[PDB]
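Enquirer: Before we start, here is the structure in question, set down as structure tokens.
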Amino acid sequence: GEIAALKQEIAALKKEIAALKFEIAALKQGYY
Amino acid sequence: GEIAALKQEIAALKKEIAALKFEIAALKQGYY
Amino acid sequence: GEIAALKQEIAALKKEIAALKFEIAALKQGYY
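Line by line, the protein sequences give chains A, C and B. Take the first sequence: its position 26, counting from 1, is numbered 26 in the entry's author numbering, and each next residue is one higher. Take the second sequence: its position 9, counting from 1, is numbered 9 in the entry's author numbering, and each next residue is one higher. Take the third sequence: its position 25, counting from 1, is numbered 25 in the entry's author numbering, and each next residue is one higher.
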């Protein structure tokens, strides 16, 4: 139901955040 | 009420993630 | 219950976003 849907939304946000952390790591690698 | 608030908070996180994706993509290309 | 759990997940995501925003701000100073 809707609670499960909200949990799926949270899971999707976590994956988005992880992806951005990878991008930041790459930018730091390029910098130093 | 708390459920409505949680959904608003999720919407706000999606907007922040979008802004971050943009800033990262811009930085990777040296586009300001 | 489930709503309290979701609120805790959202709180964690908000901290993660804050950290990313800081890192991106710092990288912009580094690169530009």
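Where is the CB? At the ideal position from N, CA and C, for every residue including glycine.
If you follow the alpha helix (DSSP H) that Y32 (chain C) is in, where does it begin and where does it stop?
Expert: Here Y32 (chain C) belongs to no alpha helix (DSSP H), and DSSP marks it neither H nor E.
Enquirer: Are the C-beta atoms of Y32 (chain C) and some chain B residue less than 8 angstroms apart?
Expert: It does: the Cβ of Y32 (chain C) has a partner Cβ on chain B nearer than 8 angstroms.
Enquirer: Which bits of chain A does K21 (chain C) rub up against, with CB to CB less than 9 angstroms?
Expert: Near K21 (chain C) (Cβ distances below 9 angstroms), the residues of chain A are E16, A19, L20 and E23.
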